[PDB]
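Single-letter residue listing:
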Amino acid sequence: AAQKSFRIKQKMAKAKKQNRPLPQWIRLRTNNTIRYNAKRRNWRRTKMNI
Amino acid sequence: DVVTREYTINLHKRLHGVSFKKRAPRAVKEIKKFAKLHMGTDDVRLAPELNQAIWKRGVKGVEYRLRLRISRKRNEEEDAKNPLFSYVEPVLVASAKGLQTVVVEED
Amino acid sequence: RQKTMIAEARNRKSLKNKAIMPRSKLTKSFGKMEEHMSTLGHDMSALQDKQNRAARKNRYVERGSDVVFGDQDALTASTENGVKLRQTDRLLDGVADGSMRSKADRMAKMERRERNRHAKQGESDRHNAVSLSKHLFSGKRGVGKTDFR
Amino acid sequence: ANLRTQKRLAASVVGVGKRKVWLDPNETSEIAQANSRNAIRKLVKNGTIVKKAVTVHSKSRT
Amino acid sequence: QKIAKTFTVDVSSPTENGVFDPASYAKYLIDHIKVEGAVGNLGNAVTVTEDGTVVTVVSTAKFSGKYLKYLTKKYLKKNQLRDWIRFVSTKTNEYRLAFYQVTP
Amino acid sequence: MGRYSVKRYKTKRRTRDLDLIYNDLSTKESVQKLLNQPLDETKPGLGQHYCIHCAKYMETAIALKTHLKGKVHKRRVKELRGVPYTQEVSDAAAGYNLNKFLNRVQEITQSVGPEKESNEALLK
RNA sequence: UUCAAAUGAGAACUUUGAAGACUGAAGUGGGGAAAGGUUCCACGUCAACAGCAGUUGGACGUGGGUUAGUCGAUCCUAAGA
RNA sequence: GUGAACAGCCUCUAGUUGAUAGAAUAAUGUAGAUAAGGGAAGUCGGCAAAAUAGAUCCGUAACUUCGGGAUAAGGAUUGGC
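Reading guide: rules and limits
Each chain's residues are numbered sequentially from 1 according to the written sequence, a convention that need not reproduce the entry's numbering, and residues without coordinates are excluded. Each chain takes a letter, starting from A, and each ligand takes a number, starting from 1, following the order in which they are written. Within a larger assembly, only the chains shown are considered here, and all values are given for them alone. The side-chain numbers reported here are obtained from all heavy atoms of the structure, hydrogens and water having been left aside. Any residue with a heavy atom lying within 4 Å of a molecule or strand is counted as near it. Any pair of N or O atoms that falls within 3.5 Å is considered a polar contact. Within protein, one atom must be able to donate a hydrogen and the other to accept it, and sequence-neighbouring residues count only if both atoms are side-chain atoms. In this description a helix means any DSSP run of H or I spanning at least four residues, a strand means any run of E spanning at least two, and both kinds are numbered starting from the N terminus. Classes in brief: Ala, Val, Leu, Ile, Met, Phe, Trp, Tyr, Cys and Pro nonpolar; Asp, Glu, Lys and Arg charged; the others, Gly included, polar. Two strands pair under a simple rule: DSSP has to find at least two bridges between them. Interaxial angles span 0 to 180 degrees and are taken between N-to-C directions of axes, which are lines fitted to C-alpha atoms, for helices over the stretch in contact. Note on definitions: a residue-residue contact is assigned when non-hydrogen atoms from the two residues lie within 4.5 Å. Buried area adds together the accessible area that both of two parts lose upon being put together, with accessible area traced by a 1.4 Å probe. A side-chain nitrogen of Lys or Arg and a carboxyl oxygen of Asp or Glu constitute a salt bridge if their distance falls within 4 Å. Nonpolar cores are built from buried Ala, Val, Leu, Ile, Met, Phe, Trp, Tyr and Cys residues. Side-chain atoms within 4.5 Å join them into one set. Each residue's exposure class comes from its accessible area (1.4 Å probe, protein chains only) as a fraction of the maximum for that residue type: buried when under 20%, exposed when over 50%, partly exposed otherwise.

Its PDB header names cryo-EM as the technique used to obtain the model and reports a resolution of 3.8 Å.

## Comments concerning the protein's contact with RNA strand G
Around RNA strand G, 42 residues are found, and the nearest of them are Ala-1 and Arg-41 of chain A, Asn-51 and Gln-52 of chain B together with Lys-120 of chain C. Within the side chain of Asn-17 of chain C, one N or O atom sits 3.2 Å away from a phosphate oxygen of RNA strand G. Backbone polar atom of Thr-88 of chain C to a phosphate oxygen of RNA strand G: 2.9 Å apart, as the coordinates give it. When contributions to the surface near RNA strand G are tallied by element, the ones reaching two or more residues are helix 1 (6-18) of chain A, helix 2 (23-39) and helix 3 (48-56) of chain B, helix 5 (98-118) of chain C together with helix 1 (4-14) of chain D. Take the surface near RNA strand G: its biggest share by element is 4 residues, from helix 1 of chain D. For the surface near RNA strand G, the class distribution of residues is 16 nonpolar, 10 polar and 16 charged.

## Quick notes on the sheet that holds strand 5 (residues 94-98) of chain E
Residues and elements named next belong to chain E. The strand order across the open sheet built from 5 strands is 2-3-1-5-4, with neighbouring strands paired in mixed fashion. Only two strands of the sheet have a single neighbouring strand rather than two, namely strand 2 (46-50) and strand 4 (86-91). Strand after strand, the sheet turns through a mean of 20° between neighbouring axes, direction not considered. Examined bridge by bridge, strand 1 (residues 5-10) and strand 5 share 3 bridges and lie parallel to one another. Bridge pairing links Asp-10 to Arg-96 in strand 5.

## A look at the interface of chain C and chain D
Of the residues lining the interface, 6 residues belong to chain C; the matching set on chain D comes to 6 residues. Summed over both partners, the interface of chain C with chain D comes to about 480 Å²; 65% of that surface belongs to carbon and sulfur atoms. Here chain C is connected to chain D by 0 salt bridges. Linking chain C to chain D there are 1 residue pair in polar contact. The residue inventory of the side of chain C that touches chain D, partitioned by class, reads 3 nonpolar, no polar and 3 charged.

## Brief notes about the nonpolar core
For soluble globular proteins, the rule of thumb is that nonpolar side chains tend to be buried together. Counting residues in hydrophobic clusters, the biggest one holds 21 residues, and the most contacted among them are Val-9, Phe-20, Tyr-25, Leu-68, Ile-85, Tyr-95 and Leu-97 of chain E. Among the secondary structure elements, those contributing two or more residues to this core are helix 2 (30-40) of chain C together with strand 1, helix 2 (22-32), strand 3 (54-59), helix 3 (65-78) and strand 5 of chain E. Non-local contacts of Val-9 of chain E, meaning those with residues more than four positions away in its chain, are made with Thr-53, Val-54, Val-55, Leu-68, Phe-87, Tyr-95, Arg-96 and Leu-97 of chain E.

What follows is the structure, encoded as structure tokens:
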């Protein structure tokens, strides 16, 4: 809307920074349980509702 | 055996009683099949000029008697099908009638 | 002749629909123009005389410098990178060894298999499904206000 | 390969719509390599892209 | 009172090439020059000449360089040398003919 | 063809023929009687204001001059200006007797030729 | 909708060219308001999706990009809290 | 531009060619039409189906809260140059 408040823009910026798949080097540890991050979200499917 | 034998084609023979929406595609299919039957090959290519000529009158108004020529060409290397290859090419005439198939010598 | 010419012009015009390329800015070839000049039957003597004029770029094809770098060999090695430019890659730079890089790629390829079986749009799509519908498994369709059309 | 991006950029830099850009199928390597406004300007100066000016809309019968 | 107007067209390059007939061009201009309706009713007002390199026209009555260009291209197509003879203007009211950019 | 043509020239809707038109126009005594009828109720014109050439009742009194000034009535007049002809002319042309046809044409020209003009002058 | 060319292991659908088309300016255009929130764009890549294929993408992976003494808020007030 | 018109119809600037396709065209529909002669005859029922339909001129009844009814009904004409 190009009129968001600063806190709204900050929330969206944090969401954008969060939006990434898993780094590859994580799987190279010992006794690992992380397979694929379930917190990944895309605009098409899920809506954060601010 | 590279040969060139200018034939004649009438659309009315094979476009009679067909859907108005697909007159030109039907003409294209009939032209390629006619070339196939009158040559005896596997690969047939049309000419952009012939496409222009057939579509030019209209999508549902293709002219009946159109003059075309067929050229045999030897296929390039690494062609697993055959050296056989046919290429079509249009040519305009003053009158549709009065012409028949004529072989033209290579020059 | 006039009937043939008018037929050819009608075929070639096509002015109605889109456009006509300007003859002043189109490009041609003297190889093509030779047939037309012969058909007009003019003096070819003062026409082919311009062919030798093109003897300027004929020697320019040679440049030297390893005979233009000795074929295309650096491209094959330079195109092996997953991404170009000089920026930090949070996936490539995470693992240094190529063997471990291949191992990580294999791990990712294997891991995506379960989501592929589940037919999810990707690692991010998680749209669940409801077991039953309140508006499709209740009510009595008596006379009057129907449940739905 | 892909030339829609080049076509759009050329249309924008010329000032006409993306349907009014002409390309040479014979010479495509240079236009594929070109991706800057200066590159488009220099190639159109070279004459590899035409303006294909507006179609005729006569009013003589009117 | 009335001021004459002069136009000069240079056909040096293609005529020296040998695909041009300046005498025939001048003859056509003389025969088909049209002023105020009919053709051939010129009242000794507009004259043309040819020297072998440049065709010069002097007109006292109504005339335009655009109309001169139109007549030139009409004769070009009638002789069927279009797509091969290019018309341009050197400066104001002065024109020239030239080849195209075949450069194969 | 299922359109205006049949809907206007259907068998129910017919008009008089040029032959009978010529006959009544030639008959001087019929010219007056074609309009001096006693009275009518069925036709929309009530037996009044019937244009012989157009073969229609005007349904009123002042529309007569309007239709006369109209071009359609002039078109019918121009059509009537032609030679009547009949089936005998066609038969004579189609390989039959010509002397009788020539005699009939000569008698027509000598007797009834100016008769139509005289009747028109007397009427209008 | 048609043909040709190119890429490509593989082309009814990718790109270009050559034609035919339609939207017909109260548009399928040009901007925006709510809302949407990185989807805009570039580069490599197509197992998962675009009920069909996809060599393509509003998909995948990595990055770039919004500059206000004059544009709006921030200033004032209405029905209201 | 067509006209009374921001109707519909064709075109210009701009934009799109996206919605699974190919081979033949039987019965049963979808939306449309057409039909010789009779002209609403059965149909609960003149219901989807047809007729005048635009513009100019003439004359327009009963009734009346005298302001309407009224485009009442009907007739004559409609081109090109």
